[PDB]
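S.K.:
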Amino acid sequence: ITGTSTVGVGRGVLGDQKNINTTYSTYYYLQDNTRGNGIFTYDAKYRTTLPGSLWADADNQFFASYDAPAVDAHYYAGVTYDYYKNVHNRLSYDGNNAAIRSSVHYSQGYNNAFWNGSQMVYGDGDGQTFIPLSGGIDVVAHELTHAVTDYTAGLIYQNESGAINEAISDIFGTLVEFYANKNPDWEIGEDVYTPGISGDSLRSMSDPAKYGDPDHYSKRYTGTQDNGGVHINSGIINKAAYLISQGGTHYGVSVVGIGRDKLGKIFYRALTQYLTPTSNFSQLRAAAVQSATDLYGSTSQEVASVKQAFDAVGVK
Ligand SMILES: O[C@@H]1[C@@H](O)[C@H](O)OC[C@H]1O
Ligand SMILES: O[C@@H]1[C@@H](O)[C@H](O)OC[C@H]1O
Ligand SMILES: O[C@@H]1[C@@H](O)[C@H](O)OC[C@H]1O
Ligand SMILES: O[C@@H]1[C@@H](O)[C@H](O)OC[C@H]1O
Ligand SMILES: O[C@@H]1[C@@H](O)[C@H](O)OC[C@H]1O
Ligand SMILES: [Ca+2]
Ligand SMILES: [Ca+2]
Ligand SMILES: [Ca+2]
Ligand SMILES: [Cl-]
Ligand SMILES: [Cl-]
Ligand SMILES: [Cl-]
Ligand SMILES: [Cl-]
Ligand SMILES: [Zn+2]
Ligand SMILES: [Zn+2]
Ligand SMILES: [Zn+2]
Ligand SMILES: [Zn+2]
Ligand SMILES: [Zn+2]
Ligand SMILES: [Zn+2]
Ligand SMILES: [Zn+2]
Ligand SMILES: [Zn+2]
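Counting from 1 along the sequence shown, just add 204 to a position and that's the residue number in mature numbering (1 follows the signal peptide of the UniProt record, and there is no 0).
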């Protein structure tokens, strides 16, 4: 809609207060004109029709419980936009400043969030397994990174390529969580998963085996569930990414950590320059080694650490 750019205030899913960019035209709308072609947040009104109605508010204050998922969907889309622009010089998910659209209150008791090819969709959860999923910055950034992957490498969502696709989304989801300094960790979804249970998450990048996911190629899942294990076998790549950043000794292989910024630069370059739709784990290793070589030199510590990390998880 056309109107005046304003700044409102509200509270997110976890009760935290934050400022959000709105647009004023009789009502205040969740329309952020300051980022690319805009960030737009919609109310799906517990239906499955998309996108729903552009979110309208009478007073530019978003403190009602019904508002909370919209506040966070809107705000964390903005943070994700800022991460890709300021850190990687990428303008929105398509690199051409496409508008980011999100719908909240999708369906009823819906325990999921997804990028559907043109927009973000957030369930409210059932209040036991999940609370509204836009409350997790790593979830928001994980799903938006699927859009980045679709517009670059085109990794297919099954078998090893699909596990790489998932891991890429976990890696950048976590780097956005650190970038925002929002209670950062190497877990996925901890802020919105099982509100009754402290200290758990959907999966761990630092210790995938904590939840039974593999942390070595010899332990990879080879069945047909989960599109061939895309959310299971991602643990192998997630552990490698954790080792590249933080270092450690894993199955007897010592890895010298090089930090989060260089992890992001290496994987972003691998994704945008070298990966293809059917890349497997071995080709990811080659792409990461080449990317580190491009950026830091063939004899650099950065290249050595990438090699060490993939050796540690058994990917040659
Ligand atoms: O913490 C990281 C920061 O150091 C780097 O600059 O960009 C990515 C962030 O995750
Ligand atoms: O050392 C930390 C590890 O114990 C934790 O699991 O994830 C973050 C790491 O830096
Ligand atoms: O030891 C772990 C166990 O606690 C969990 O239940 O399943 C996976 C194992 O790695
Ligand atoms: O069955 C597949 C297996 O062969 C591969 O190594 O990793 C992904 C699985 O889906
Ligand atoms: O680290 C182990 C490696 O040494 C062996 O060769 O294959 C299985 C791995 O667990
Ligand atoms: Ca209001
Ligand atoms: Ca997290
Ligand atoms: Ca929990
Ligand atoms: Cl560990
Ligand atoms: Cl471990
Ligand atoms: Cl470790
Ligand atoms: Cl270990
Ligand atoms: Zn998803
Ligand atoms: Zn995913
Ligand atoms: Zn966290
Ligand atoms: Zn798992
Ligand atoms: Zn899955
Ligand atoms: Zn998924
Ligand atoms: Zn280990
Ligand atoms: Zn470890």
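Every residue gets a Cβ at the ideal spot worked out from N, C-alpha and C, and that includes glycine.
1. Do you know whose CA, among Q332, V396, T428, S449, lies nearest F376's CA?
2. Measure the beta-carbon distance from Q323 to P255 and round it to whole angstroms, keeping in mind my assumption that it falls under 8 Å.
3. Is it the case that the CB of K443 approaches a heavy atom of ligand 19 more closely than 8 Å?
4. Between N301, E506, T210, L337, which has its C-alpha nearest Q312's C-alpha?
5. Any heavy atom of ligand 11 closer than 8 Å to the Cβ of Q265?
6. Helix, strand or coil: which one does DSSP assign to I243?
7. With distances taken between CB atoms, is the gap from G432 to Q487 smaller than 9 Å?
8. What I want to know is whether the C-beta of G452 ends up closer than 8 Å to one or more non-hydrogen atoms of ligand 9.
9. So, with DSSP's three-state summary, where would you put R424?
10. Give the straight-line distance between the Cα atoms of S209 and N237, rounded to the nearest whole angstrom.
11. Apart from the five residues just before and just after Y415, which ones in its own chain have a Cβ nearer than 7 Å to its Cβ?
12. Between the Cα of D374 and those of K511, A445, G242, spot the shortest distance and give me the residue it belongs to.
13. Take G358 as the anchor and find which of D261, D330, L475 has the nearest alpha-carbon.
14. Candidates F244, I368, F382, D404: which alpha carbon is nearest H350's?
15. What alpha helix (DSSP H) runs, 4 residues minimum, are completely inside the segment 273–320?
16. Are there 16 or more other CB atoms within 10 angstroms of the CB of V434, so buried, or fewer, so exposed?
M.R.: Concretely, from the data shown:
1. Residue 376 sits at position 172 when you count from the first residue of the sequence shown. Of the listed residues, the one whose Cα sits closest to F376 is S449.
2. Locating residue 323 in the sequence shown gives position 119, where the first residue counts as 1. Locating residue 255 in the sequence shown gives position 51, where the first residue counts as 1. Sure, about 6 Å apart at Cβ, within 8 Å.
3. As a working note, residue 443 is residue 239 in the sequence shown. Yes, Cβ of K443 sits closer than 8 Å to a heavy atom of ligand 19.
4. Residue numbering aside, residue 312 sits at position 108 when the sequence shown is read from its first letter. Nearest of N301, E506, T210, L337 to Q312, Cα basis: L337.
5. Here residue 265 refers to the residue found at position 61 when the sequence shown is read from its first residue. Answer for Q265: no, Cβ out of range of ligand 11.
6. Taking the sequence shown and counting its residues from 1, the one referred to as residue 243 is at position 39. Residue state, collapsed to three classes: strand.
7. Working through the sequence shown from its first residue, we reach residue 432 at position 228. Working through the sequence shown from its first residue, we reach residue 487 at position 283. Going by C-beta atoms, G432 is not nearer than 9 Å to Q487.
8. Within the sequence shown, residue 452 is the residue found at index 248, counting from 1. Answer for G452: yes, Cβ within range of ligand 9.
9. Position 220 of the sequence shown holds residue 424. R424 falls in the coil class under three-state DSSP.
10. Residue 209 sits at position 5 when you count from the first residue of the sequence shown. Residue 237 sits at position 33 when you count from the first residue of the sequence shown. Going by the C-alpha atoms only, they are around 7 Å apart.
11. Translated into the one-based positions of the sequence shown, residue 415 becomes position 211. Same-chain partners within the cutoff: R407, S408.
12. By one-based count along the sequence shown, residue 374 stands at place 170. With distances taken between Cα atoms, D374 lies closest to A445.
13. The residue you call residue 358 lines up with position 154 of the sequence shown. The residue with the shortest Cα to Cα distance from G358 is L475.
14. On the sequence shown, residue 350 is found 146 positions in, with the first residue counted as 1. The candidate whose alpha carbon is nearest that of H350 is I368.
15. none
16. Counting from 1 along the sequence shown, the entry for residue 434 is found at position 230. It counts as buried.
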